[PDB]
Each structure stands twice: as C-alpha cells, then as structure tokens.
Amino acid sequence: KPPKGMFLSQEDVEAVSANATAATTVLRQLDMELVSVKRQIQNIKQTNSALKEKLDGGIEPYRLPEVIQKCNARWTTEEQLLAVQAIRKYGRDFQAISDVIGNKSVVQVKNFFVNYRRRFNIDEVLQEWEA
C-alpha cells in the first residue's frame, strides 16, 4: 500500500538506514556500477562496429543463380550414379540428395533407397559415411 511511483521495500529501508553514511554509500555504489556498465556497452559497440565492417559486401559475390528443374521420375544411369555418391557424402539426408541430383523429389529418393538397396550396396555405402 505505498503511493503510486513511491518505492519503499522493507529491505531497502534497512539498507539505507543501517549506518550513518549508508545511503550515500548505497547511491554512490550504484553510480559506480552504472558507469562500468556504460563502458561495457561502448566496448561492445566498437567490437560490433568492427565486425559489421567485415561483412561489408554481403555474400552477394557468392550467391549462385537459382536454377529450377522440372522434376522427372525417370532415373538415368547418370542420375543413379549421383545418388550413390550423394549417399556416400550426405547419409540419410533426403533433402540434400534431392538437391544434388536436381530433378528427383524427396520421396523418389527415399524410394530409390529401398529400391536400389540390394544392388548398390547401399548398406555398405551408409557404413562408409560414418567414418
């Protein structure tokens, strides 16, 4: 029941009155705590300002153009060979493999897994990925 915007904890009252010089010590202490936080800000602002200058250039010299490829259901000997190497490199990553081949949906790839499981030693290939 204090008035609005007044701030009077039983804890703070005892902390200010416990000693003859206590309130000035409480208040000057907070002062010297706010001064050290403000220079911590300054330090981070300048550390950050240095990082932003390294990102000048974005990644735009490095983005490739986004080729779209109409998905096809026919597996070429070429596209099969990509799939093995993709399993060799990426493991169970059905999205990545779909991306590398370019024209095979994620489903077709998981289908490719069991379909050609026996013939391409796809069990052995997945073992080699775990090196």
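From 1 onward, residues are counted along the sequence shown.
Is the mean CA B factor in the deposited entry higher across 31-39 or across 70-78? Higher of the two, by average CA B-factor, is 70-78.
Mean CA B-factor: is it higher for 55-63 or for 40-48? On average, C-alpha B-factors are higher across 55-63.
Looking at the C-alpha B-factor of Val106, is it in the lowest, middle or highest third of its chain? Its C-alpha B-factor belongs to the highest third of this chain's values.
When the modelled residues of the chain are sorted by Cα temperature factor, does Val16 land in the lowest, middle or highest third? As the PDB entry reports it, the C-alpha B-factor of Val16 lands in the middle third of its chain.
What third of its chain, lowest, middle or highest, does the C-alpha temperature factor of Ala23 fall into? Its C-alpha B-factor belongs to the lowest third of this chain's values.
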